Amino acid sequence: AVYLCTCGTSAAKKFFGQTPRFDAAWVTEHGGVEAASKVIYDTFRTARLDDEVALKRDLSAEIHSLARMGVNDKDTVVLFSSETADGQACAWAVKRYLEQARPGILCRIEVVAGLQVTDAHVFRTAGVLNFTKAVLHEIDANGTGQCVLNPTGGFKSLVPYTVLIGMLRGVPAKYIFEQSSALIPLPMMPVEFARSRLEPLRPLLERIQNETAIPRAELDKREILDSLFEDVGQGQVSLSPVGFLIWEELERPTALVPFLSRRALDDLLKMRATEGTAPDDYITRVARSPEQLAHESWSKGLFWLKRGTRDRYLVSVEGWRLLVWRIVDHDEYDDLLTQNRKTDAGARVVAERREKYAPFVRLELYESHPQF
């Protein structure tokens, strides 16, 4: 498995309360990050992963949690460190211990720019965004289902971002519960992405990504506005992690929502006698996997799907919307292919979009409690 770990400074706990205190200057005095990480590591290098007293008392929160996850020599551990020298020295100490305890394990330290414990503004405009980007890159750069989010080791402030990333990418998250030696999963609430209400923001999110920041006044031209954006000065806003996650989903959808043209809803209702709700289930199933969806092709991005079955589907994709223009049996399918041999059939379909096909309506059909 690939463990994506937040990292704190609990590796250095033996130094808490001593003077000189453990801080960045301590790291320098002890020779820099790598040299200082050996001094830190030495304080717990004899603690065994099998010793329950040492696991809780002597070992770092990262090591305790990874041991409870059954970390082994076939795993990868990615330690997301603060940019500070003492943060990094602790992460390197954890790496040293994991490599000694489980020879062959792959352990990588990812330093997150702007992630630190003293400057809230740098955290909220850069640190947490860099964290979110780096974690999402790692999820997308490993195999599906392989990642586990482990927020045990530091930054209470990063817990909600781990929850959101986990909800969105389908990645589980676990941590050690308070003073116990027991893991618990973070809660994940099943939700749908609010695509229809967020879509009008798509050009503004793209503008911020291309231009770094735009005037806050463009946002209004209200809870969504506050949660997607960060004030950065001079009346300008950039993205929050939530704004970044929404921008990324709008630019590169990971699910589609099916819509039926006016004609396709008629088509579907006539199929109810022969096929029941099998056509509904199929379209809904196809919309869930736009990568797998990525056929007999027309112009204008129109193309044909076949469920198995008499029914064939003339569709296109516009952003996150899977548009079903027609649902036809084999005879009408053959007639439509003949029209495309004689004419540019796709161009004629879109020419009639407004008069014949629009509005497209979401494929969510409703067909003993007290009244309102």
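One-based numbering along the sequence shown.
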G70-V71 interval: deposited residues absent from the model: none
Count class of deposited residues lacking coordinates, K221 to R222: 4 to 9
Stretch with the higher entry mean CA B-factor, where the candidates are 284-292 and 114-122: 284-292
Stretch exceeding the other in mean C-alpha B-factor - 298-306, 135-143: 135-143
Member of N150, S261, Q100, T254 with the greatest C-alpha B factor (per the PDB record): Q100
Top Cα B factor in the deposited entry, candidates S238, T274, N210, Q88: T274
Where the record places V232 (Cα B-factor, split into thirds across the chain): lowest
Modelled-residue ranking by C-alpha temperature factor, third containing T46: highest
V39 CA temperature factor, ranked by third within the chain: middle
Ranked against its chain, the third holding the CA B-factor of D334: middle
Third assignment of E206 from its chain's C-alpha B-factors: middle
